[PDB]
Protein chains: 2
Amino acid sequence: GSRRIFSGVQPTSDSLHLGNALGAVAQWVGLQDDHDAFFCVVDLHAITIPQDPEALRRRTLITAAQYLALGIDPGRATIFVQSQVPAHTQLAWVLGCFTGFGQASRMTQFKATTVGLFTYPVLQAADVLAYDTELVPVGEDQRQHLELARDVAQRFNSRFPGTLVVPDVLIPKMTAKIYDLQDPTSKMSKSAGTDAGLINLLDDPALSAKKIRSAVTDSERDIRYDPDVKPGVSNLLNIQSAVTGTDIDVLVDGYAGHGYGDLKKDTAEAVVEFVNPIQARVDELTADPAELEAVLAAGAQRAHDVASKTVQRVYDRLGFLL
Amino acid sequence: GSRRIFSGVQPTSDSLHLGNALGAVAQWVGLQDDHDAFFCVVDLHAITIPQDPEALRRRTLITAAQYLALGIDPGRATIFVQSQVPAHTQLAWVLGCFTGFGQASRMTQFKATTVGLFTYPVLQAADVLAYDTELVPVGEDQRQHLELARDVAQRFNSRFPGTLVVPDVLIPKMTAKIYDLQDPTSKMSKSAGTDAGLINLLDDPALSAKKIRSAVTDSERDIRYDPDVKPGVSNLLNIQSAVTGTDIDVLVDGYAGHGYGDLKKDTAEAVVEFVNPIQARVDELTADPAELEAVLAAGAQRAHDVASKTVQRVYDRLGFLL
Ligand SMILES: Nc1ncnc2c1ncn2[C@@H]1O[C@H](COP(=O)(O)OP(=O)(O)OP(=O)(O)O)[C@@H](O)[C@H]1O
Ligand SMILES: Nc1ncnc2c1ncn2[C@@H]1O[C@H](COP(=O)(O)OP(=O)(O)OP(=O)(O)O)[C@@H](O)[C@H]1O
Ligand SMILES: CNC1=NC(=O)[C@H]([C@H](C)c2c[nH]c3cccc(Cl)c23)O1
Ligand SMILES: CNC1=NC(=O)[C@H]([C@H](C)c2c[nH]c3cccc(Cl)c23)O1
Ligand SMILES: [Mg+2]
Ligand SMILES: [Mg+2]
């Protein structure tokens, strides 16, 4: 329970992309050694959009496998599937009763729609608050969601002091947003349309290298870090720095006198070396699922033990008959 | 599982009124002998409005006690508290993903707001659909809610054939709407403002008799059944017929030559005889709670055994990892 953290990714495709891996999971890996961590595959969130059932099940497992292959350690952290812990939807109903309609209407994605698309930020708040979470490591695109979660927790604690932990949001600087390679002002997302700007962890590594070589850059022939003036170039530097461990300024210094072909070739090569061991791990975890299944089953038990107590505390404060 | 029915009442006050008792529970009592029945105290719904916790717990028990005192038979039916069965909120989240935003926006109460006030019709659909319910006995004010429930079930079964039972709505004719005694065009409701037009089951019987004697009537000095021309008079006849078992036309025939004082005096007396045995039963169930508690605990177990299987069927169809 020391420095408890919570985070999750939707099983909405066959592969995470660099945004997920560098903007979220890489932070998780650094945090798990000294933080008590719950890492969730949020399959309940996935069905806000129609999902093919066979694919949804398959992608749930492969999202968890990508956690292990990115270095999440089941001996140090808990990995579980959202839908296996009923407390999430129980708390979501309670929190929705403390969430203003206008609050939810102002959320960016909503602001065709279903109730699920309207209320998922409330389920997201429940996902975090159910585990007495102290810190939430996400990318920048989640900031507005977790401000709602903090507001609703404080509004609830107003009525019922000390019931819910109010979580701090932990959003990195450099990898807060990995951008699409074909449109470097737009964040890398699973729905860019064409995925030529999208780098998937489990895609054929030469296809990813090819996409990096075609990355949009500028006209200045000057490798320097300036995301607002030089989006493409700064993104590439961000990617290379993130997958290598080399600081951006050390890279920019080494790139003095170099052109953009050298920047793309080096980033392509670094990414290829990044994803090759990931793909080998995921392949084995898919071919031999017993290991992954035991991890998720232990995770669910642990998650349930924690989450159910939070729900019973909340229910007791509200005055429900227990 | 034969002719399975489901219905519920909110624990939002210290007493049901005649609307609840005649428009809903009286139908339940007639149905329970040859229908497999689940009767629910829907405490999750109550918190869409802020509730005092001590009161909420106390009113949950007293709503269940009023079920027993109105004749619900724990040997023939299941009585349970909504919040004790997690399946309700699990299915509510799924169904919300199949509910149009405009669908929910068109609901009468919504059409100040919270997400809970916006989404409670979806939780109501889950309440019913979780038990493979074939028939839902409600008053007229619930018709639009249960049309949503039927639509969402059919929309879900469209994707996933045969997963959910589509319930038939069972709404009585005469007691579909018991009207307020001071405003006979408005339905008896817990929030009329002044409760001089509201007849509570557990109020002092002489206070209720006094309210009936002050009931708004017309100017014609003619006792006949015509709800659109004679709202007050038709309501009184509806009430007397419902609490006595005497058909309306037999009563109207007996009232030939009589004035409205006779109608109010007879209805007051019939209601007093109705509520006196109810109050005696509820008093004992409040003073000695062991009986009620065992009923609700057995009910929760039974409800859970059924509802959890529905959720697992739904989850399997969606493609969740089980
Ligand atoms: N381009 C990105 N850069 C950095 N972090 C990202 C990026 N995209 C997503 N993330 C992070 O990944 C986590 C989970 O996001 P999610 O599962 O919604 O992935 P997504 O790529 O946004 O998928 P979708 O397009 O289906 O929403 C969040 O912490 C989010 O901030
Ligand atoms: N005036 C009425 N006449 C007939 N039936 C009624 C009346 N009011 C409520 N009912 C029935 O009672 C059941 C439960 O309703 P509910 O718990 O919402 O009571 P309510 O009186 O409407 O309380 P509230 O004012 O808090 O909504 C429903 O089946 C509803 O149709
Ligand atoms: C459509 N649903 C949806 N879109 C989002 O971006 C969020 C994310 C995926 C999320 C859910 N629960 C969490 C708990 C912690 C951190 C996060 Cl990032 C989440 O939910
Ligand atoms: C604010 N919430 C709310 N208002 C209503 O009128 C409905 C009712 C009380 C209800 C909930 N679940 C049910 C299952 C079956 C039948 C009924 Cl009547 C209900 O819910
Ligand atoms: Mg997203
Ligand atoms: Mg009502």
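The rules we used
Residues numbered from 1 in each chain as written, not as in the entry; some residues may be left out. Chains lettered and ligands numbered in written order. Heavy atoms only, no water. Near = heavy atom within 4 Å. Polar contact = N/O pair within 3.5 Å; in protein donor to acceptor, adjacent residues only side chain to side chain. Areas by Shrake-Rupley, 256 points an atom, 1.4 Å probe, with all protein chains shown as cover. Axes fitted to C-alpha atoms, helices over the stretch in contact; angles between N-to-C directions. Helix = DSSP H or I, 4+ residues; strand = E, 2+ residues; numbered from the N terminus. Parallel < 35°, antiparallel > 145°, perpendicular 65-115°, else oblique. Left-handed = near helix turned anticlockwise from the far one by under 90°. Contact = heavy atoms within 4.5 Å. Nonpolar A, V, L, I, M, F, W, Y, C, P; charged D, E, K, R; others polar. Domains from an automatic or database assignment. Buried area = accessible area lost by both parts, 1.4 Å probe. Salt bridge = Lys/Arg side-chain N within 4 Å of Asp/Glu carboxyl O.

- As stated in the entry header, the method of structure determination is X-ray crystallography and the reported resolution is 2.10 Å.

## As for the site of ligand 2
Residues and elements named next belong to chain B.
Line of reasoning, step 1. Taken together, 20 residues are adjacent to ligand 2, and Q10, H17, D141, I178 and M188 come closest.
Line of reasoning, step 2. Between an oxygen atom of ligand 2 and a main-chain N or O atom of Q10, the distance comes to 2.9 Å.
Line of reasoning, step 3. In the model, an oxygen atom of ligand 2 is placed 2.6 Å from a nitrogen or oxygen of the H17 side chain.
Line of reasoning, step 4. With the chains in place, 89% of the 600 Å² that ligand 2 exposes on its own is no longer accessible.

## Section: the packing of helix α4 (residues 87–96) of chain A against helix α12 (residues 290–318) of chain A
Packed helices, taken two at a time, are described by their axes: the angle between them and the distance between them.
All names here are of chain A.
Line of reasoning, step 1. Contact pair α4 / α12: the axes reach a minimum separation of 9 Å and the direction vectors enclose 30°. Classified by the angle their axes make, α4 and α12 are roughly parallel. Crossing angle aside, the handedness with which α4 passes α12 is left-handed. Packed against α4, whose contacting residues are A87, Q90, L91 and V94, the element α12 presents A307, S308, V311, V314, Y315 and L318 at the interface.

## Description of the site of ligand 1
Residues and elements named next belong to chain A.
Line of reasoning, step 1. Surrounding ligand 1, one finds 20 residues, the nearest of these being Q10, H17, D141, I178 and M188.
Line of reasoning, step 2. Here an oxygen atom of ligand 1 and a side-chain polar atom of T12 are 3.3 Å apart.
Line of reasoning, step 3. At 3.1 Å from a nitrogen atom of ligand 1 is found a main-chain nitrogen or oxygen belonging to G19.
Line of reasoning, step 4. In isolation ligand 1 offers 600 Å² of accessible surface; the protein chains occlude 89% of this area.
Line of reasoning, step 5. Contributing elements (two or more residues each) for the shell around ligand 1: β1 (5–9) and α1 (18–31).
Line of reasoning, step 6. It is α1 that contributes the most residues to the shell around ligand 1, four residues altogether.
Line of reasoning, step 7. Grouping the amino acids of the shell around ligand 1 by side-chain chemistry returns six nonpolar, ten polar and four charged.
Line of reasoning, step 8. Here the shell around ligand 1 gathers at least three residues from each of two domains, domain 1 (1–177 + 289–322) and domain 2 (178–288).

## Considering the domain arrangement of chain A
Residue and element names in this part refer to chain A.
Line of reasoning, step 1. Assigned domains of chain A: these are domain 1 (1–177 + 289–322) and domain 2 (178–288).
Line of reasoning, step 2. In this structure, domain 1 and domain 2 have C-alpha centres spaced 28 Å apart.
Line of reasoning, step 3. Contacts between the two partners involve 27 residues from domain 1 and, on the opposite side, 27 residues from domain 2.
Line of reasoning, step 4. Roughly 2,400 Å² of surface becomes buried between domain 1 and domain 2 when both sides are summed, with 69% attributable to carbon and sulfur atoms.
Line of reasoning, step 5. For the domain 1 face of the interface with domain 2, the top three residues by lost area are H17, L18 and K177, together amounting to 29%.
Line of reasoning, step 6. Counting every contact that joins domain 1 to domain 2 gives one salt bridge.
Line of reasoning, step 7. Among the ionic pairs, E291 bridges to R281, the shortest N-O distance being 3.2 Å.
Line of reasoning, step 8. Put simply, domain 1 and domain 2 have nine residue pairs in polar contact between them.

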